[PDB]
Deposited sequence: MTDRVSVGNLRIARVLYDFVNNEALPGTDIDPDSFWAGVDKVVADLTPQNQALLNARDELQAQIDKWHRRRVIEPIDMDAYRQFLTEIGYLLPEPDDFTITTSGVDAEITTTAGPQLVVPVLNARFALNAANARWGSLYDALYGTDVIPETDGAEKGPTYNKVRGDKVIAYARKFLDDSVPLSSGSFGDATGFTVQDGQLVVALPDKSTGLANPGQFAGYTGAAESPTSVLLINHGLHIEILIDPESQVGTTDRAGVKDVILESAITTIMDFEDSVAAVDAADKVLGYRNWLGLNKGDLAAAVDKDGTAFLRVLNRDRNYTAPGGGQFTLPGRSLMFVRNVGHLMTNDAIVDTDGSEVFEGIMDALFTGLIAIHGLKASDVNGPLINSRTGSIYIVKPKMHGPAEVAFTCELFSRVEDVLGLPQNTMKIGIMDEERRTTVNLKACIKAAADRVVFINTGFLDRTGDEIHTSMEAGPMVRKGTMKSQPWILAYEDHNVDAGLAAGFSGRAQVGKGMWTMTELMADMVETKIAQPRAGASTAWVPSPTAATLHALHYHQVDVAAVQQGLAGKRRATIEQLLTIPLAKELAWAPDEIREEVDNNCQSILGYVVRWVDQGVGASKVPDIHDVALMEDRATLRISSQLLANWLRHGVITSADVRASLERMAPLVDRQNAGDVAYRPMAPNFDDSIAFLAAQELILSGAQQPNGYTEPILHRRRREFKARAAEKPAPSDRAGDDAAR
């Protein structure tokens, strides 16, 4: 119709044009040979993809019956073994992934995640490798507004001084002088290769002069001083003529931190992309980032420095990029077969994002070691991991890339991956560069998998349940036992409260203390603040100290988060229903009506949260669970949705083109989607929301196409 026929494939025209005209040129790959490659890879791997998806349904159906036909933990576990859910743990091994960049193998630090469909955000992200500590401290609630230090339309000097002080204190804790404090420093010099600091009554150096990494300008009167601690860089910009530098005892203008060492450009949960036009926009942005010519305002270039002993060197000025493809579930009409059946989206993302990423290896650049970094979400168990690897192998042939060029980041966010984590890693032993954990998806799967067992604890309660604490520790243990320390990242989840930076600075330190190589932040600002934690915590030492430990048993992992009988008062029930209905509606309306997958969404208490699509999975699965066991009724669910809808409406009053859901609820496609997600929730595969979401978004767009 409006498609290009290649073999058994009917490629959407926008897609076909985009690959040939934009993606392919530069890659030395023959267009027709590429498309034929696509035709064959799709046909060859599609049935295998389907077999894995069906296998999920079989397991879940068996688990459903088992619960209904009853809690004997020993029998439950033996059952999961019998049905091939819980597979035998392989002997110890060590990953062999080679050609990995240092930012992944060695450097511990923040990792940004940004919706690929947003060129400006994506630009900021790639440039967030370096960010200003002053701007971050002054701009957020880390420095309390309190007494005369409040922000205004004018720069407030009382506040800047607190910022300066905080930064001086940080320098004391990070790169300690052999004597005295940074707060008293009056100047900085470089005599005989060693950084000398000017104190009022004397002069000292770094207690460990190894932390001196270089400088700019002349050794006598430098324009900046480069420091290193825990593999992370710290830059003191010295400029006595600047506004802040003028009033500073040492002429200091700013302190710059190496912040977002890596960034994940996201095709999955932070992006709304339900057809061929959407995917191209995303692919196009991914192309521009990889050719290094995206702009709206360009991509930063490397940074120049002078070695402590005179010579010249350089550091990368951009955030090393991953891409997150979609998982194994969804199809997309960007390609169909002759029968009209949509082609598997994950298979498409491997080919296209992989094709595109070729530009990142030639000059502008990304991986200096020659690798492409794909993060794969929502896999269920080790066979699904081996499938992803086999897919990568094939795509590499179509692209003419050396084998194992396309590295994998295994996200641990499904229960069948959690309890088989060592086997999952081993299936990717020569490609794996990353594992991580998070709250939303994983708890959604937790609730779905045990849907029939009984009513679950409230969402808040989940964060402190035995299963999830065991899962957090188990993740770290498995990676370290597999040799990740020095070879691959071990990550932990997102800080979602974008305006609550004091809290983040206070609490998020627990992640590197738990041995996390990296963890997720929602903004460049956040990345800068979070970098503090890796200065205070020596993650390599922590990881070294954790080795050999088994801090989580299979029994703990399998402890279902069931509510003890009569746990809640009727007002607690309503509070939770309301809370969850608000979460659905707040995220759904922006998603369906505007194709926005990630934004600052006020929760029921007007706190700004930055969650991806998975917030929909947990909240819908919880209410569906509570529906299934009669904690609440259908009258309850609808009443709550009707109450929260105008509240969401009001929270979007500051939106130039928002559309009310109230009072005409059934004419709101957004409202109907929220309602469907909940009432149809128990029947969704593993509780996945995309089937309902994609359809409703496509419906809204067709309604709007008039």
property	result
In sequence order, the deposited-sequence ranges that have no modelled C-alpha atom	1, 72-75, 302-311, 379-384, 728-741
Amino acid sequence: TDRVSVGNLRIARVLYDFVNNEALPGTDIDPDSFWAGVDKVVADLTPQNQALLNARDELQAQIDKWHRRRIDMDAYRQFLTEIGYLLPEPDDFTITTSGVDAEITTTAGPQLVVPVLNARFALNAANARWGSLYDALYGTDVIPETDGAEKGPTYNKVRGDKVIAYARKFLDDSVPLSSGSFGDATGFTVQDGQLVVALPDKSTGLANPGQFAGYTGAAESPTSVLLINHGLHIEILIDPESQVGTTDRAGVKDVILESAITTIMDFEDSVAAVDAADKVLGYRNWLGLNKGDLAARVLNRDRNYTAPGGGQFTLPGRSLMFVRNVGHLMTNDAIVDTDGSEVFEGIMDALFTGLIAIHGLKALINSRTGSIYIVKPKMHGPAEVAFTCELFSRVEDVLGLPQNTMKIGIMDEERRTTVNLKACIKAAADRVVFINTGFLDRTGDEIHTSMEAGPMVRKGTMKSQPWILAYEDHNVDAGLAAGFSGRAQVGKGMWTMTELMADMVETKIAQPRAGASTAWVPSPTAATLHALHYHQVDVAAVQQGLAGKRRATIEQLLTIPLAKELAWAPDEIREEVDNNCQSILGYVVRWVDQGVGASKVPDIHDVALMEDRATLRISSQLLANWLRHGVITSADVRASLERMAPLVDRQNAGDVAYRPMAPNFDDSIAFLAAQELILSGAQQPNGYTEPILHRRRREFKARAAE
From here on, numbers count along this sequence of modelled residues.
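What we label the rigid core is the largest C-alpha set whose atoms superpose within 1.5 Å from one form to the other.
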| property | result |
| --- | --- |
| Which of 560-568 and 348-356 lies farther from this form in 6 other deposited structures of this protein, as RMS of C-alpha positions after a rigid core fit | 560-568 |
| Higher C-alpha RMS shift from the shown form in 6 other deposited structures of this protein - 446-454 or 245-253, rigid core fit | 245-253 |
| Unmodelled in at least a third of other entries of this protein, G681 | no |
| No coordinates for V656 in a third or more of the other PDB entries | yes |
| Of 367-375 and 150-158, the one with larger mean CA B-factor | 150-158 |
| Stretch with the greater mean C-alpha B-factor as recorded in the entry, comparing 119-127 against 182-190 | 182-190 |
| Candidate residues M610, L329, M504, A198, the one whose C-alpha B factor the record puts highest | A198 |
| Highest recorded Cα temperature factor - choice among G438, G282, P455, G214 | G214 |
| Assigned third (lowest, middle, highest) for the C-alpha B factor of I143 | middle |
| Among modelled residues of the same chain, the CA temperature factor third for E446 | lowest |
| Entry-reported Cα temperature factor of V6, expressed as the chain third it lands in | middle |
| Entry-reported Cα temperature factor of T223, expressed as the chain third it lands in | highest |
| Among modelled residues of the same chain, the CA temperature factor third for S583 | middle |
